[PDB]
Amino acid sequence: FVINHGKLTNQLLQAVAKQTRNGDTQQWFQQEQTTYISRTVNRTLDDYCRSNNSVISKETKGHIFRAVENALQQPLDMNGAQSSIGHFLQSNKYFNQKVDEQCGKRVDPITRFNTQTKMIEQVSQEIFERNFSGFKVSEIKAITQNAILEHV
């Protein structure tokens, strides 16, 4: 399927602007960036522990986060796990119209929902990389993997 990430971003930014009055988006940008990146990091850790059945102590988790933090020159938060971009898409008209179109023949409340969550992951990553090029998701993942290797 195809979607105009640019229009989505404008709709996401508009939503952010309702919070204040000057329509500031700076604070939102800062928070989302460290949050999206932190969740990307936590996601990589989850995938690592799952396949290996390993258990990394929160201490070690911190060393990994600081390592990724230094490598990216970006402040992180090891509790990061929910991006407001993905949550924004969840209740966005344009995005959900695409979810429907994509579910096509199927509308088992469950299948539709899973399709929605899968598309939410894909589109927010795309939205993140076009507006937050501090580093790309694949890069963040690789850097993290190298941290896990070094400290785990």
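Position 1 is the first residue in the sequence shown; the rest follow in order.
**Q** Comparing 93-101 with 55-63, which stretch shows the greater average C-alpha B-factor in the deposited entry?
**A** Taking the mean C-alpha B-factor of 93-101 and of 55-63, the larger value falls to 55-63.
**Q** Between 20-28 and 139-147, which has the larger average Cα B-factor in the PDB entry?
**A** The entry gives the higher C-alpha B-factor average to 20-28.
**Q** If you check the C-alpha B-factor for each of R50, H87, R112, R43 in the entry, which is highest?
**A** Comparing C-alpha B-factors across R50, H87, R112, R43, the top value belongs to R50.
**Q** Pull the Cα B-factor of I127 out of the PDB entry and bin it into the chain's lowest, middle or highest third.
**A** For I127, the deposited C-alpha B-factor lands in the middle third.
**Q** Select lowest, middle or highest to describe the third in which the CA B-factor of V107 falls within its chain in this entry.
**A** It falls in the top third of the chain.
**Q** Where does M78 sit by CA temperature factor within its chain: lowest, middle or highest third?
**A** Middle third.
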